[PDB]
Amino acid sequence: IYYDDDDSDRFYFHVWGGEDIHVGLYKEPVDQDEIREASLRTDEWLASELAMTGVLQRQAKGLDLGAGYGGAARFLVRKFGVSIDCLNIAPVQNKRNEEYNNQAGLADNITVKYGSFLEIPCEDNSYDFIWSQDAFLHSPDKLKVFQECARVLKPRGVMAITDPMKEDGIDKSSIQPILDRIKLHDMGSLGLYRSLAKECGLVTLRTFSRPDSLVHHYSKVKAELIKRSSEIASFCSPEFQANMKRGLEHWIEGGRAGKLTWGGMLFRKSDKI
């Protein structure tokens, strides 16, 4: 097999604990900004966009696809009083998520579920909303992910998603170095996600493209990886670190070259806005 995603997880957990980090919204001067704070800004931003669609009512039922340690779930529960089902393929993360929810006294509001985006273990028309942050990048079968999302959304339910991606019109051949470093076949784009969503009865409400966030974020991640090199070397090997750095440099350069972006979208399960 290959262990890069595993060892990437080890590195993220070593630095940030069971606090979930995703691509952040950074404030100038970026050098002095912190990844943790910028990630929180993303959470706040995406939650505020989602709130506007009206789905974040007290007691509304949300699904977190690629929930990690459950950080966004706890953030949403506390802010809006929703309930959240977390879905995540990684049993260790699942155990800690549940531990964190118990400790927080939020276990009656958050359920942690094992499984796959390709086979969501839930009834059709179950959810008022879906929240998915930077998780679709790692699923090969994008149509099937969107079919599953549309299936488990209630009519008029809204999905908010974010994902590192390529720009529309960029060929796989143009981005092969990064795909080699992150061990993916290809990546999504706003154009693809929109047409797929539409095939599944999800209308695009709004989209975002933040290649500046992509560049800032992965620059920051690279600096932290560099800083922690000796400290993590027993479980994140020197050769793994080199490969990860190369991958981060590709995100940064692809972003500056107009090939790659950090995209965000809201969809509603409706034929029309």
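A residue's number is simply how far along the shown sequence it sits, counting from 1.
Of 152-160 and 135-143, the one with larger mean CA B-factor | Averaged over C-alpha atoms, the B-factors run higher in 135-143.
In the PDB record, does 178-186 or 74-82 carry the higher mean Cα temperature factor?
-> If you average the C-alpha B-factors of 178-186 and of 74-82, the larger mean comes out for 178-186.
Kindly indicate the residue among 90, 203, 192, 130 with the greatest C-alpha B-factor in the PDB record.
-> Most elevated C-alpha B-factor of the set, per the entry: 90.
Per the coordinate record, which of the options 42, 53, 32, 207 holds the highest CA temperature factor?
-> Largest recorded C-alpha B-factor: 32.
What third of the chain, by the recorded C-alpha B-factor, contains residue 23?
-> Residue 23: CA B-factor falls in the lowest third of its chain.
Which third of the chain holds residue 196 when residues are ordered by C-alpha B factor: lowest, middle or highest?
-> Lowest third of the chain for residue 196's C-alpha B-factor.
Could you tell me which third, lowest, middle or highest, the C-alpha B-factor of residue 123 occupies within its chain?
-> Middle third of the chain for residue 123's C-alpha B-factor.
Looking at the C-alpha B-factor of residue 11, is it in the lowest, middle or highest third of its chain?
-> Lowest third, going by the recorded CA B-factors of the chain.
Relative to the other modelled residues in the chain, which third contains the C-alpha temperature factor of residue 252: lowest, middle or highest?
-> Middle third of the chain for residue 252's C-alpha B-factor.
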